[PDB]
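Top to bottom, those sequences are chains A and A'. A prime marks a further copy of an entry chain.
When you line the first sequence up against the deposited numbering, it's residues -2 to 87, 115 to 346, in that order.
When you line the second sequence up against the deposited numbering, it's residues -2 to 87, 115 to 346, in that order.
Ideal Cβ positions, reconstructed from N, Cα and C, are used throughout, including at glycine.
What follows is a single structure, written as structure tokens, with notes after it.
2 protein chains.
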Amino acid sequence: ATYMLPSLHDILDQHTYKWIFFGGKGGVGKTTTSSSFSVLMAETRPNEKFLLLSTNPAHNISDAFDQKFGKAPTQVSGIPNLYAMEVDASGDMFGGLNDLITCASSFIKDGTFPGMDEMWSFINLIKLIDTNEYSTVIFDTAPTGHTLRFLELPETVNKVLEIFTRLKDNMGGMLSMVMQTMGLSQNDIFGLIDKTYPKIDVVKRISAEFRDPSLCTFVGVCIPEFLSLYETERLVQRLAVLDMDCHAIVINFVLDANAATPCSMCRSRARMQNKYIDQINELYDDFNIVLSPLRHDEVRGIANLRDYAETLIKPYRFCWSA
Amino acid sequence: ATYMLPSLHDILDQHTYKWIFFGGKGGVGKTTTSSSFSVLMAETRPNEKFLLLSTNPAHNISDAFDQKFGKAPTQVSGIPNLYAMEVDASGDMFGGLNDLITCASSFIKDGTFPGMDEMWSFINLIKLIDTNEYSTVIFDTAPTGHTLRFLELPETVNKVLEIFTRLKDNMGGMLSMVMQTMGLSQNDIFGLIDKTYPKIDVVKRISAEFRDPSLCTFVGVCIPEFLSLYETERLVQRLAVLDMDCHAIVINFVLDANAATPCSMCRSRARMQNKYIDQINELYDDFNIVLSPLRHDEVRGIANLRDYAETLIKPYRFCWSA
Ligand SMILES: Nc1ncnc2c1ncn2[C@@H]1O[C@H](COP(=O)(O)OP(=O)(O)OP(=O)(O)O)[C@@H](O)[C@H]1O
Ligand SMILES: Nc1ncnc2c1ncn2[C@@H]1O[C@H](COP(=O)(O)OP(=O)(O)OP(=O)(O)O)[C@@H](O)[C@H]1O
Ligand SMILES: [Mg+2]
Ligand SMILES: [Mg+2]
Ligand SMILES: [Zn+2]
Ligand SMILES: [Zn+2]
Ligand SMILES: [Zn+2]
């Protein structure tokens, strides 16, 4: 009843995608899967450019590729259309606009809203992306429970733009209060609003692309174990709240073993995994469910990232397959 | 040359310990190991009381124990001297002191130092711990790269107490500025400083216990793979910076396989693990290195947490052991 191909081949072939996120519990393969998929995209689309971004403060993209990446787009050895970059947590208009915001917000209740650094980090990031003309950006995220980088900016944008309105109108005398508090002219304050409003508008427009299922999708990564399914349920619910598309899950570390497998370790673990794979098949029956097998070695270097990518688009046949 | 028992038995038997942290890369077994060890402590010391705290916003202690825990100490089924609690991120003196701090700090450069919520979260936590009289608190931390909860408060304490000094002395007219800015009397400001200074002093005294190797130790958890050793090196360096003791690592998911093991998956993976275990044996030759074997099933429920704890103090004999 509506066979979903157990692969990311449809995502790979959907060239409208501008933003692709991979996420899930600690240790499930976010870095391995995002890195492998970004190689697959780059090698199948050599006439386009791609950016892999780590937003996990525990950056592991360098060690996955066995190549030193930095805080600026770095070209991947052997895949010259692929760039990788570490994004850290949180010009001089920043200082001025921030002070204007923090002062003006304290004129109303709950007026200490966070993520003004976030906004400026993100404005910088759009700088790079338009300049270098990437067709798609791939995110290697931090584990679930760690706040999703950039995904709440639409609510930040809204509070800033309403403050801009209040100041322009002198709503309840906020402008007078700010001028008298900061010793700025009406023209100084209007100058800060006017010069930065286009920057905010860009943030508004790209944040909307996160919520457009043609431009953005979020791929879940999990292991077939109680705690990882729990974290996956909570990631899927949080993405619904944020109006962001998630229709694909990669189940990683899948054992190629059954009741007839000699190894008693692989045999019993495969029994455990079977319960949780069936639970995922049931719960997410409209998703692409990709079975990424346990490999004989860690997934480091392009040869390994390439082999890992093959099972993202060519569904692996397990001894226990139908 | 200085045989370290490959177990946590010395830590288990060291009753001076008040604070024990478990940490490491995403997915390596922080929750499993902290939960198991906290059961072991509670069952070996039934006449004392123990608190297990999750500071991973992705709280998994409930699912590890298969018991619902909340935001207040919850008594563990079958282990009545053991309590478990989820600690979330960030009375009315809070609001007032915070406003006093944020105002007074802007009178000097870099005067926007973070973690005033942190401090108040922590003051609350010491409340519970002294009241309920726990001999030891065990922390299930967030992954490496995620900021270590409560461990930077000594530097927060210092900036607050110097502001207190400045205000008391009217250093460079900061007191006048604050009185005129906030419309408080000298006596109002002195009242806020005097009433909360004892609260700060408590934070100062307990933060110091984190840095006393008789009262506090940090146990590393890793898997024998490149990325996990990298994250472990970076956790160990960060704990040196913070003057916090780390002399124990648990290597988890260790395969009981060698060249003679029939299973080609377990045989090759054991070859990979062997390289990284030898690297850990070399690099951390003054540490307790505990080998926690891969188990046939996920570690959920007290029976499993108990079995897992046995290999924390009784070193497992592997087919490949000396
Ligand atoms: N299918 C697989 N078979 C074998 N090893 C794998 C597989 N997938 C990932 N690995 C290895 O497992 C480890 C964990 O993977 P990875 O670091 O990609 O996870 P993560 O979700 O990014 O972790 P973190 O939460 O720490 O960011 C790595 O050492 C990686 O090489
Ligand atoms: N030795 C082991 N053998 C088999 N399964 C294990 C072992 N240790 C842990 N597990 C299982 O592996 C999974 C990951 O462990 P756990 O959740 O404790 O790691 P963590 O470091 O707390 O992860 P996170 O970074 O998400 O907080 C769990 O499903 C747990 O039951
Ligand atoms: Mg990662
Ligand atoms: Mg955990
Ligand atoms: Zn195709
Ligand atoms: Zn003993
Ligand atoms: Zn096996």
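Within the same chain, Cβ atoms closer than 7 angstroms to the Cβ of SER238 of chain A' are found at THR13, the five residues on either side in sequence being excluded. By the rule that beta-carbons nearer than 9 angstroms mark a contact, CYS290 of chain A touches chain A'. Shown here, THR180 of chain A' sits in a helix according to DSSP, grouped into three states. Taken from the Cβ of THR28 of chain A', at least one heavy atom of ligand 4 lies inside 8 angstroms. According to DSSP, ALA232 of chain A' shares a beta bridge with no other residue. Remark: the C-beta of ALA264 of chain A' is outside contact range of ligand 4, defined as less than 8 angstroms to any heavy atom. Across the stretch 203 to 232 of chain A', no CB contact with chain A closer than 8 angstroms is found for any residue. Remark: C-beta atoms of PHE277 of chain A' and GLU322 of chain A do not approach each other more closely than 9 angstroms. Residues of the stretch 6 to 26 of chain A' with a Cβ closer than 8 angstroms to any Cβ of chain A, in chain order: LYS22, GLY23, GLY24 and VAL25. For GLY135 of chain A', there are no neighbours in chain A by C-beta distance under 9 angstroms, as the nearest C-beta there is about 13 angstroms away.
Straight across, the Cα-Cα distance linking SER129 of chain A with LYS15 of chain A is about 34 angstroms. Among the CB atoms of chain A', one or more fall inside 9 angstroms of the CB of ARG324 of chain A.
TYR0 of chain A' counts as exposed, since fewer than 16 other beta carbons sit within 10 angstroms of its beta carbon. Not a single heavy atom of ligand 1 lies less than 8 angstroms from the C-beta of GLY196 of chain A'. The contact set of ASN298 of chain A' on chain A, defined by CB atoms closer than 7 angstroms, is empty, because the minimum CB distance reaches about 12 angstroms.
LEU9 of chain A has its Cβ nearer than 8 angstroms to a heavy atom of ligand 5. The distance from the Cβ of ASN78 of chain A to that of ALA39 of chain A is about 5 angstroms, consistent with a contact at the 8 angstroms cut-off.
Within the model, the alpha-carbon separation for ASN156 of chain A versus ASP225 of chain A is close to 20 angstroms. Under a 10 Å Cβ-count criterion, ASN328 of chain A is classified as buried, with 16 or more other Cβ atoms of the shown protein chains found around its own Cβ. Comparing alpha-carbon positions, the option among A:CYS246, A:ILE213, A:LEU266 and A:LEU216 lying closest to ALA232 of chain A turns out to be A:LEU266.
Taken in chain order, the members of the stretch 304 to 332 of chain A whose beta-carbon sits within less than 7 angstroms of a beta-carbon on chain A' are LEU318, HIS320, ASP321, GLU322 and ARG324. If one requires a minimum length of 3 residues, the beta strand (DSSP E) runs lying completely within the stretch 141 to 178 of chain A' are 160 to 164, in chain order. Residue pairing by DSSP places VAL278 of chain A opposite A:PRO317 in a beta bridge. When C-alpha distances from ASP164 of chain A' are compared across A':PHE242, A':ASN148 and A':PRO248, the shortest belongs to A':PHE242. Selection A':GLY75, A':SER59 and A':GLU257 evaluated against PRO43 of chain A' yields A':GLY75 as nearest (Cα-Cα). Distance from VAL245 of chain A to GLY23 of chain A at the Cβ level is roughly 11 angstroms; contact not present, criterion being Cβ atoms closer than 8 angstroms. If only complete runs of 4 or more residues are kept, the stretch 13 to 67 of chain A shows the alpha helix (DSSP H) at 27 to 41 and 58 to 62, in order along the chain. Only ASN53, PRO54, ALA55, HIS56, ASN57, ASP60 and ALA61 from the stretch 48 to 61 of chain A bring a Cβ to less than 8 angstroms from some Cβ of chain A'. Cβ proximity to chain A' below 7 angstroms picks out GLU249, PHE250, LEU251, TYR254 and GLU255 from the stretch 239 to 262 of chain A. Set against 8 angstroms, the gap from the CB of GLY23 of chain A to the closest heavy atom of ligand 4 is smaller.
Along the stretch 164 to 185 of chain A', the positions whose C-beta sits under 9 angstroms from a C-beta of chain A are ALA166, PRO167, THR168, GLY169, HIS170 and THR171, read in chain order. If you look at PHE131 of chain A, you'll find it isn't in any beta strand (DSSP E); DSSP assigns it neither H nor E. In this structure the stretch 132 to 150 of chain A' does not touch the stretch 132 to 150 of chain A; the number of beta carbon pairs closer than 8 angstroms is below three. Residue-level contact check: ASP116 of chain A' does not touch chain A, since none of the beta carbons of chain A fall below 9 angstroms from its beta carbon. Chain-order list of chain A residues neighbouring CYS127 of chain A': empty, with the shortest C-beta distance near 11 angstroms, by a criterion of under 8 angstroms. Under the Cβ criterion of 9 angstroms, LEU124 of chain A is not counted among the residues facing chain A'.
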